[PDB]
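Next up: a single chain in structure tokens, the form deposited in one PDB entry.
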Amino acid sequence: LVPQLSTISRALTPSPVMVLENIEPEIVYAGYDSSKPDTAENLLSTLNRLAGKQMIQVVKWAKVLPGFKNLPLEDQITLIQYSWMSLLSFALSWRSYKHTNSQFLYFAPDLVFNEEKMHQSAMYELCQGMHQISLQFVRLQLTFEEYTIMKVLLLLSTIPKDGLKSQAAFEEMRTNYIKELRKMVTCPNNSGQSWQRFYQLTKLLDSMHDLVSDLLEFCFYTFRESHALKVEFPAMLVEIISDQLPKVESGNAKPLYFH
């Protein structure tokens, strides 16, 4: 009988972490036009346009993310919709860390926020919050490997209060990626140092919930008063926020914590 299991294939397939590196989206440009006054209406509209372009790349990434296709299609869609802000804000801190040593907020190569832009955007306190996350990346010396696994965990960090179509399939993928992170933090065996770091990384993931809650509060507010505020949103964000706003505001979004 022909062996159905292929030792060669299992040994040859890239590790999950290696696949994450391979499928990570290339950098996206904001299309920022410096001729426009740096007022909140203009800066915020630009950030919304950038967000739409980033999400187009996020969905392509999710399509080839190992294990994600094992979840019901409706759950894949649900998870992207509930995690979008966490994913984009986390990636913003990563780009800021890698490209500016966490000195500025690197939204895109053509849109880098310094203190002035943060004030002008009318969301200064929120910019400071994401900047703080960037500063923690330097203190922790976060690695790309760690970052990629953590971004998947954020995709799996908020679920509908009633649950997904397949909680078991979700739980399997989540436990698998948590395992990857645990192995990632372990040569020189030192359980103590390994657990201390694992703890630092899960505390940071947990801290994303409060930050994301505040970012969404601002997002939903500007969306609701888009006309009065003159803040424009691209189709992709109208699609996402139109779905998310009522679900989050009615208390249906359940955060998953490590601590």
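Numbering starts at 1 and runs along the sequence shown.
Although it is not shown, the form deposited with a partner chain bound is what the next lines describe.
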Give a yes or no on whether every one of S45, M85 and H227 sits within 4.5 angstroms of the partner chain in the deposited complex by heavy atom. no
Tell me which of 111-119, 90-98, 67-75, 129-137 has residues with heavy atoms within 4.5 angstroms of the partner chain in the deposited complex? 67-75
Which of these residues, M123, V185, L142, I80, gets a heavy atom within 4.5 Å of the partner chain in the deposited complex? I80
Is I27 close enough to touch the partner chain in the deposited complex, meaning at least one heavy atom pair within 4.5 Å? no
Does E21 reach the partner chain in the deposited complex if we count a contact as any heavy atom within 4.5 Å? no
Is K36 close to the partner chain in the deposited complex, meaning a heavy atom pair under 4.5 Å apart or at it? no
Does any part of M236 reach within 4.5 Å of the partner chain in the deposited complex? Heavy atoms only, please. yes
